[PDB]
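A.B. asks: Please work out how this folds:
(chains A, B, C, D and E, ligands or ions: 7)
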Amino acid sequence: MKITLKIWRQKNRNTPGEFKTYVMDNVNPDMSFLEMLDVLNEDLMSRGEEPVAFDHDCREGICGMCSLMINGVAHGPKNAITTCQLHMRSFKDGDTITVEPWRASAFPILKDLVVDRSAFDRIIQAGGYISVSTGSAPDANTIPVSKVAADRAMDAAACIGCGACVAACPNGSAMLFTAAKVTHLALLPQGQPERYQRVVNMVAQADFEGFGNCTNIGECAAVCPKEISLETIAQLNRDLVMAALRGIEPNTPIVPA
Amino acid sequence: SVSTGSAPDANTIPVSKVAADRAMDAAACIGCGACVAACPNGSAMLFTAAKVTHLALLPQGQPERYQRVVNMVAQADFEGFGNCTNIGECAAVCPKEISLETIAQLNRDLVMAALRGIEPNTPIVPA
Amino acid sequence: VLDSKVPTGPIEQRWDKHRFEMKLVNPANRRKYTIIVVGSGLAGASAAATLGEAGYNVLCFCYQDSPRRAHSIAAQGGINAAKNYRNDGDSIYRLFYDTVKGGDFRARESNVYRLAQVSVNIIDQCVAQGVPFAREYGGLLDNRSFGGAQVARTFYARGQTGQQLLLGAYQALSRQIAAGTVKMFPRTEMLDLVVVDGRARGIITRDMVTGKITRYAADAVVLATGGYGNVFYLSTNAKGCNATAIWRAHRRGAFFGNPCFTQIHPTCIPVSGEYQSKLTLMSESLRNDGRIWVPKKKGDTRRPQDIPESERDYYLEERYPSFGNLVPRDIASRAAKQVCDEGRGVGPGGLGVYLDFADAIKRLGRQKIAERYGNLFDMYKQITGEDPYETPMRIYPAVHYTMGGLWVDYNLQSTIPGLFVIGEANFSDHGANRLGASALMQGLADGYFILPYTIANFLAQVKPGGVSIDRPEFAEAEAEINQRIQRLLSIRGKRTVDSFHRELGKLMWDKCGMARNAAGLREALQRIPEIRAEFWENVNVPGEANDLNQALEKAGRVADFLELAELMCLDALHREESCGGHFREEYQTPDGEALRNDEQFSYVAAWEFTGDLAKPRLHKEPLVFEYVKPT
Amino acid sequence: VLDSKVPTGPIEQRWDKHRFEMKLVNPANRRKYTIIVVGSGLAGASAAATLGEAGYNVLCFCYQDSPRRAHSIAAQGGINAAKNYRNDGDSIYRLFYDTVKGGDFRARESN
Amino acid sequence: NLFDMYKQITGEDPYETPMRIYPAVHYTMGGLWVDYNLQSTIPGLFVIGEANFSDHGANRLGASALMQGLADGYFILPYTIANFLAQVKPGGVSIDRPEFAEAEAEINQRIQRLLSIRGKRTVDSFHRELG
Ligand SMILES: Cc1cc2nc3c(=O)[nH]c(=O)nc-3n(C[C@H](O)[C@H](O)[C@H](O)COP(=O)(O)OP(=O)(O)OC[C@H]3O[C@@H](n4cnc5c(N)ncnc54)[C@H](O)[C@@H]3O)c2cc1C
Ligand SMILES: Cc1cc2nc3c(=O)[nH]c(=O)nc-3n(C[C@H](O)[C@H](O)[C@H](O)COP(=O)(O)OP(=O)(O)OC[C@H]3O[C@@H](n4cnc5c(N)ncnc54)[C@H](O)[C@@H]3O)c2cc1C
Ligand code: SF4
Ligand code: SF4
Ligand code: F3S
Ligand code: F3S
Ligand code: FES
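C.D. replies: Numbering: from 1, shown residues only, chains lettered A, B, ... in the order given. Ligands and ions are numbered 1, 2, ... in the order given. Coordinates below:
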C-alpha cells in the first residue's frame, strides 16, 4: 500500500500554516493511522526534518486526547470510532489522505496538528457538576434510580471530550458536549436540586467561550465517536426553557487564569 | 425487583398515611378469583387493577410501574381472560370490597405508559 | 531507619485511634498553607479536590491536555467494596483477609485493613457524586463477581467504571477550581524536586507548550504520578506514563520499596510490528471458555481454522493437566512466552498464541456467547480485523501494573519529610500481587479519606510559609535541569529515542520479566550500563527547548527508565525467592507454583540512593502477622 | 453424638465470626447445584427466593393450589424487631434477654 | 373487627350478650433438632421455620414465629447451605439409584394398603378420637 498524505503544518499559534505533501511506499494495512504517523515522523527525523506533532495518550478511544480530521471527516471516514481506533485496512491503495486539526475560534492551534481544548474544561467548571463535599455522602442505596434513567444517563455521560462535535459542526458550536453533560447530570436524582441553574450557567459559558449557535443540522451525532443521540440537545433545550420560566439568571462567566 | 440484603433503612422513604391506607386497601386481595367468575366477560381486571394499585401507590414501586402494568395487562390477554365492560359485578362480588378506583388507576397507568412508548415483554409460558 | 508508625491495639480500631491521636489544623489557619499535588489521576484529583474543599491552597499539575485526559480512565473493571449488598458472606474482615492473602504476605496489615474499612465510604461518595453505576430493575445497585473472587463485591458502570470514577473526581476538582481554591496547570511536567532543610519544599517544572522552566514553592508535596509499567517498551498503560517524578524523588533522598514487584495481564493483543508500542487489555474471562494452542509445525501457512485438531500442539492442555485448564495467569503467561521465544509464534512478527472459540461456540449457544462478550469481540474485530467467531484469537501477555514504588509509612509519607506519595506511585499495601478491582479503590482511599488526615497532622507541627523561590536550592535545581536539557538537545547522535526504548524493553522483558534467573539478571545488569552510555552518546533529539518538542520529553523519560531499570534488576536479583508476580526459576514447587521463604525474606526492601547507580543501600522493614498467619 | 457447632468468644460477634469462618461457593459454581425446598410458607418462600437470587437451581413444592395459600397468610399479629424506633429502651440485647427468659431457659443463647 | 368477626361466625352480638371462648392448641415449639447451621442429624438436610426446635425454648413470645421464619429464610440459611455445599462435589446422584426405587415401592405399597383396607369407620372419626 502506497499512501500520499497532505499534512497541515504550522510552526506555532502566530505563524501561518500550510499543507505539506509526503509519500509512503510500504504501509501495512493492519497498522493504525497513528502508527503510520509515528513511522512517518521517524522517517522525517532520520532524514533530518521536524517531526509532525499530534495528540495521543490512550490509543483506545477512551481518553479522547486524540483529535484529527481525515479526508474532511473527523476521526476518519469510519463512524463511531476515534482517530486512534482507525486502521488503514479501510483505505484504498494509491489514495490521497488529507489531515488537519480542529478549526474553531475557541480551539487555538499550537502546532501542526495540536489544538487547545481548555474551553471544554471552562464549560465544565461553570456548574457542570454536583456540589457534594467529601464525607457527607449518604448510603449508596438511599435513593433508588430506575434502570431506564440510569441507562440513559450512562449513554449521555460516555463523552470522551474529544471536541470532534465542535469541529464537525458547521457553526462550530459545542452544543452536543454541553447537552450530553446536562442530560447526564439531570437524569439522576442527585443532580435534581441544581439542574435549572446549571444548564443556564453552562450555556452562558459556551456563549462566553466563543462557540457558535446550533442550527439543528445534525453533524454532531453523525461524527461523535460514542454515538450520542441528538435528543440530549432537546433535553437541554427543555431545561433551558423551564429555567427561563422560573426566572433563573446566569452567573458571572469563568474567566481563564 | 429488590434482592435480599440490599434494602436500605426502613424509615428512609416516608409514605403518607392516605397513600399507605389506599395501598393496604388495594393489597388486601385473597386471590379467590370470584371477580373473574362474576364478571359477564370473565375478565381478571379487578385482580390486576388491585395489584397494580397496591404496587403503584408506594414509592418503592415507582421505578418500574409503567412497564409493570403493561406486562400484567398483556399477560391477562395472553391467559384467556376477557375485556372489561365497566359493568361492576366484580366489585359487588369481591369479598374484600375492592372498589372500582383501582380499575381507574390501572387505566391511567396504562394510558401514561402508552404515551411513553412502553412495549410489553414476552408472555410467561407455563411449564 | 524506617518507622512504619502503625497504631497499636486491636486492628479494628487502629485507624480511629490514629485519627484521634493525630493533630489538627484550625480552619482559619488552613488558608495559610500551600500544597503541591503532582498528578491528576484518580488519587491526584481526589486529593486535590478534598484539600481544596478543606481550604488549603492547592496547586495541581498534569502533562496531559486536561486532568480528565489522565490515566485510570481506561479501567474497564469495577471497584471492590465490603458492603455485602449481595448477602453472600462479604465483610470488611473478609476483604482484608482476601487482600492480605492475595498479596502473598508481603505487605503491612494495618494499611490493608484501613483500605478495606474505607472502601464503603469510597463507594458512598462515588454514588453521591453522580457516578452512574449499574442498577437493577428495583432501583438499587448491582454487583458482579470479578472472575474468580468468591463473593460479588464489585461495583461497575458498564465497561467503563474507571472513566466514570475519574469523571466524578474531575468534576469535583473543576468545582474546586471554579471556587478559586485550587490552581490547575495542564500540559506541564515536574522535572525536579527542591528539598530545603530536609523538607520537600518545592518543585521545578517545565510546560511543554512554550518550554518555560518554572519553580514552585509549597509547604507539602504530594506525588500521585501513577505507576512505572512503561519501563518495559510494550505495556498496557498509556504512552505518556513514566517514572520521572518518582525517580527524581528517590534520587533526592526518597526510598524505593520493592521495585521488582510487577504484575502482568495474560490477555492482550499482540503487536503487528516494531512500530506498535501498546497492547490492549481485553479481560480476564476470555480464558474461561477458550483453549490456548499453537500449530505443531512452525511453518504452517494454512488458515488456523483449517488446521486439523490432531495437528495442533495444544500446550497448557498436554502440560499442567490439573486446575481444569484454568492455570494461573503466571504459569500460562510464562508458557506463552516460552513457546513464542522458541519460534512457534503465530502472529505477523512471530509473537502470540492462538485461542480458538470454535469448541466453545459448538458446545454453547452463539447468542449466549455473544451476550457474554460482544463488545470485546467487536473491539477485537476493529483492531485486528478478524472476526473472533470464525478465526482464532491471537493473544500475548504483557506487563500491566507495578506494585513497587516509593516506600511510605502509615501516614503515607516517604523517607523525605513533607513528601507524600499516594496512588500507584508508592508501595502502598498490595504486596507482591494486586487483586482485581483494588487499585482504583486504593487510589480513591488515598485521595479522599486518608491523605487529608495525615497531611493535616504533618502541617499542624510546622509554621506556614518561610520559603520562597529565590533560595539557592531552587536555582541549583533549575540549573541542573537546564544543563541536562541542553546536553540532551546537543548530543544529536544517530539512533532515535524509540530505538533505545525498544532495546531496553526487550532486554527487560527477556531477562527481568516473569521468568527470572540469576544468570539472566546478571547479564541484564551487565548490559544496562552499555545501553545507557550508548543512549547518552548516540541519541538524536531534534527541535528546540522553547517549543512543543515531544522528542525531548521522550528522551527524558527514556533516560529515567534507563536509570531505574538497573535498580529494578538489582532488586530482582536480591530477592532469592518467588512470591506473587516476582517469580524465580530456582525457587518453586514442582507443580510450578511459587515457593516462599517466610523466615528469610518476610520483609520489605527499601533501596537508598547512595549516588552510585550500581550499589544502592538496602534497608529491611520487618513484617509481622498477628491476625492472618502465612500459609 | 449431637454437636451444636456454636461459635466461641463474645456473643455479640459470634455470628460474624462464624460467617467469616464458613466456606463460600463461587458464583460461577452456584448454577451447578440443585436444592429442593419442601414448603412455601414464610420461611420456605423466603429461602427459595433468596437461593434463586443467589443462583442455585431451586425446586419448591407445595400441596396447596398456590404458593400463597400457606398458613403463614393467617397471622394477625405484627412482627418483632429490635429497632428502638419508639425510644423506650428497646435493644438487641434486651430482645435477646426477653426471648431467652420467655422460653423458660430451654434454648441455646447463640440462636 | 373482632366483634364483627365474632358476630359473623357465632351469630350473636357480643355487645349485648356474653361471648363464649375455649382455649386450643396454637403452636408447636418442638420439631427436628438442628445445630447452629440449621442442619439436622442427617447431613444435607436443613430444617427451617416451624418444623425445627429452633430457639423458642419451652414457650415462644408473640410476634416471634414470623420473625424466626423470615430470619431462617433470608439471612441464615444461605450462609449455612453455602458452607455445606462448598465441601461437596455437585451432582453425581440420579433418580435411578436403588434407594429411590425402594422409597417409591414403599410409598406405593402404603397407598395400596390404605386404599385396600376399606373398613367401616371414617378417617375423621379416628382423627377426632386421637385428638
Ligand atoms: C489499561 C489499564 C487497565 C486498568 N484496569 C484496572 C481495573 O479494571 N481495576 C483497577 O482497580 N485498576 C485498574 N488499573 C490500574 C489503575 O488504573 C491504576 O492502578 C491507578 O488507578 C492509576 O491512578 P493514579 O492517579 O494513581 O495514577 P495515574 O492516573 O496513572 O497518574 C497519572 C497522572 O500523573 C500525572 N503525571 C505523571 N507523571 C508526571 C510528571 N512527570 N509530571 C507531571 N505530571 C505527571 C499525569 O499527568 C496524570 O495526571 C488499570 C490500569 C491500566 C493501565
Ligand atoms: C392462626 C395463626 C395465627 C398466628 N399468628 C401469629 C402471630 O401473630 N405472630 C407470629 O409470630 N406467628 C403467628 N403464627 C405462627 C406462624 O404463622 C407460623 O409459625 C408460620 O407459619 C411458620 O412458618 P412456615 O414457613 O412454616 O409457614 P407454614 O404455613 O407453617 O408452612 C407450611 C408450608 O409448607 C407446605 N407443606 C407442608 N407440608 C407439606 C408437604 N408434605 N409437602 C409439600 N409442601 C408441604 C405448605 O404447603 C406451606 O407452603 C400464627 C399461626 C396461626 C396458625
Ligand atoms: S459529544 Fe461526542 S464528539 Fe463531542 S466531545 Fe463528546 S465524545 Fe467528542
Ligand atoms: S374477587 Fe376480590 S379478593 Fe377475589 S380475586 Fe377478585 S379482586 Fe381478589
Ligand atoms: S450539527 Fe451543528 S448546528 Fe448544532 S445541532 Fe449539531 S452542533
Ligand atoms: S364486573 Fe367485570 S367487566 Fe370489568 S368492571 Fe368489573 S371486572
Ligand atoms: S488516543 Fe485516547 S481517544 Fe484516541
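A.B. asks: Would you pull up the residue in the stretch 501-631 of chain C closest to ligand 1?
C.D. replies: The nearest approach of the stretch 501-631 of chain C to ligand 1 comes at residue C:557, 8.2 Å away (Cβ to the nearest ligand atom). Every C-beta, even on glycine, is put in place using the N, C-alpha and C of the backbone.
A.B. asks: ok, that residue - contacts?
C.D. replies: By Cβ atoms under 8 Å, 6 or more residues apart in numbering or on different chains, the contact list for residue C:557 reads C:230, C:242, C:243, C:244.
A.B. asks: you'd agree the second one is in a helix?
C.D. replies: No - assignment of residue C:242 by DSSP: H, G, I helix; E, B strand; the rest coil gives coil, placing it outside any helix.
A.B. asks: Would you check how far apart it and ligand 3 are?
C.D. replies: 27 Å (Cβ to the nearest ligand atom, to the nearest Å).
A.B. asks: ok, that residue to residue C:44 distance?
C.D. replies: Per Cβ to Cβ, to the nearest Å, residue C:242 is found 15 Å from residue C:44.
A.B. asks: Between these two, tell me which one has more neighbours.
C.D. replies: A side-by-side neighbour count of residue C:242 and residue C:44, using other Cβ atoms under 10 Å in any protein chain shown, places residue C:44 first with 31 against 27.
A.B. asks: Without its sequence neighbours, what residue ends up closest to that one?
C.D. replies: In space, and not counting its chain neighbours, residue C:44 is closest to residue C:224: 3.4 Å by Cβ to Cβ, 6 or more residues apart in numbering or on different chains.
A.B. asks: Surely the one you found touches residue C:51?
C.D. replies: No - using Cβ atoms under 8 Å, residue C:224 is not in contact with residue C:51, being 11.7 Å away.
A.B. asks: now the helices: where do they sit in the stretch 51-200 of chain A?
C.D. replies: Counting by DSSP state H, counting those that start in this stretch, the stretch 51-200 of chain A has helices at residues A:118-125, A:147-157, A:164-168, A:175-186, A:195-209.
A.B. asks: and the residue of the stretch 401-550 of chain C nearest chain B?
C.D. replies: residue C:437 (18.9 Å; Cβ to the nearest Cβ).
A.B. asks: just wondering, since we're on residue A:180, how far is it from residue A:187?
C.D. replies: For residue A:180, the distance to residue A:187 - Cβ to Cβ - is 11 Å.
A.B. asks: need the residues of the stretch 151-257 of chain A near chain C, please.
C.D. replies: Within the stretch 151-257 of chain A, the positions near chain C by Cβ under 8 Å from any Cβ of the partner chain are A:153, A:154, A:157, A:158, A:161, A:184, A:185, A:188, A:190, A:191, A:254, A:257.
A.B. asks: still on that earlier bit, can you report how many residues neighbour the residue nearest to residue C:44?
C.D. replies: 32.
A.B. asks: Could you tell me which residues make contact with it?
C.D. replies: Contacts of residue C:224 (Cβ under 8 Å, 6+ apart): C:37-41, C:43-44, C:47, C:421-423, C:425, C:443, C:446-447.
A.B. asks: so is the nearest residue to residue C:347 once chain neighbours are set aside in a helix, a strand, or just coil?
C.D. replies: Leaving out its chain neighbours, the residue that sits closest to residue C:347 by Cβ to Cβ, 6+ apart is residue C:270, at 4.6 Å. Under three-state DSSP, the three-state class of residue C:270 is coil.
A.B. asks: Wait, residue C:270 touches residue C:394, no?
C.D. replies: Yes - when contacts are counted by Cβ under 8 Å, residue C:270 is listed as touching residue C:394 (5.4 Å).
A.B. asks: Need the overlap of contacts for the two.
C.D. replies: C:347, C:352.
A.B. asks: thinking again about what came up before, which one among the residues of the stretch 151-257 of chain A next to chain C gets closest to residue C:524?
C.D. replies: Closest approach to residue C:524 among these (Cβ to Cβ): residue A:161, at 41.2 Å.
A.B. asks: got the contact list for the closest one?
C.D. replies: A:64, A:117, A:120, A:177, C:66, C:68, C:69.
A.B. asks: If you tally nearby residues, what's the number for residue 75?
C.D. replies: Since you didn't name a chain, this refers to chain A. 27.
A.B. asks: Not quite, go with chain C.
C.D. replies: 22.
A.B. asks: what's the spacing between it and chain A?
C.D. replies: To chain A, residue C:75 is 10 Å away according to Cβ to the nearest Cβ, to the nearest Å.
A.B. asks: ok, now how distant is that residue from residue C:400?
C.D. replies: From residue C:75 to residue C:400 the distance is 11 Å (Cβ to Cβ).
A.B. asks: what does residue C:374 give?
C.D. replies: Taken as Cβ to Cβ, the span from residue C:374 to residue C:400 is 23 Å.
A.B. asks: Now residue C:128. Nearest residue, chain neighbours left out?
C.D. replies: According to Cβ to Cβ, 6+ apart, the nearest residue to residue C:128 is residue A:137 (3.6 Å).
A.B. asks: rewinding a little: which one of the helices of the stretch 51-200 of chain A lies closest to ligand 5?
C.D. replies: Judging these by Cβ to the nearest ligand atom, what sits closest to ligand 5 is helix A:175-186, at 4.6 Å.
A.B. asks: packing partners for that closest one?
C.D. replies: Packing contacts for helix A:175-186, counted by 3 or more Cβ pairs under 8 Å, 6 or more residues apart in numbering or on different chains; DSSP states H and E, involve helix A:118-125, helix A:147-157, helix A:164-168, helix A:195-209, helix A:219-223, helix A:231-245.
A.B. asks: do it and ligand 5 meet at all?
C.D. replies: Yes - on the criterion Cβ under 6 Å from any ligand atom, helix A:175-186 is in touch with ligand 5 at A:175, A:176.
A.B. asks: quick revisit: tell me the two of the residues of the stretch 151-257 of chain A next to chain C that are most distant?
C.D. replies: For these, the farthest-apart pair by Cβ to Cβ is A:154 and A:257; their separation is 33.0 Å.
A.B. asks: what about residue C:3, how many neighbours?
C.D. replies: Neighbours of residue C:3 (other Cβ under 10 Å): 10.
A.B. asks: just residue C:362 next, same as before
C.D. replies: Neighbours of residue C:362 using other Cβ under 10 Å come to 9.
A.B. asks: Return the set of buried residues in the helix or strand hosting it.
C.D. replies: Element membership for residue C:362, per DSSP states H and E: helix C:358-363. Neighbour-count burial for helix C:358-363 flags C:358, C:360, C:361 (criterion: 16 or more other Cβ atoms under 10 Å in any protein chain shown).
A.B. asks: again with stretch C:345-356
C.D. replies: Buried-residue list, stretch C:345-356, by 16+ other Cβ under 10 Å: C:345, C:346, C:347, C:351, C:352, C:353, C:354, C:355, C:356.
A.B. asks: and of those residues, the nearest to residue C:87?
C.D. replies: Of all these, residue C:87 sits closest to residue C:355, with 35.8 Å by Cβ to Cβ.
A.B. asks: so what's the closest one up against?
C.D. replies: C:286, C:287, C:290, C:291, C:292, C:293, C:392, C:393, C:394, C:395.
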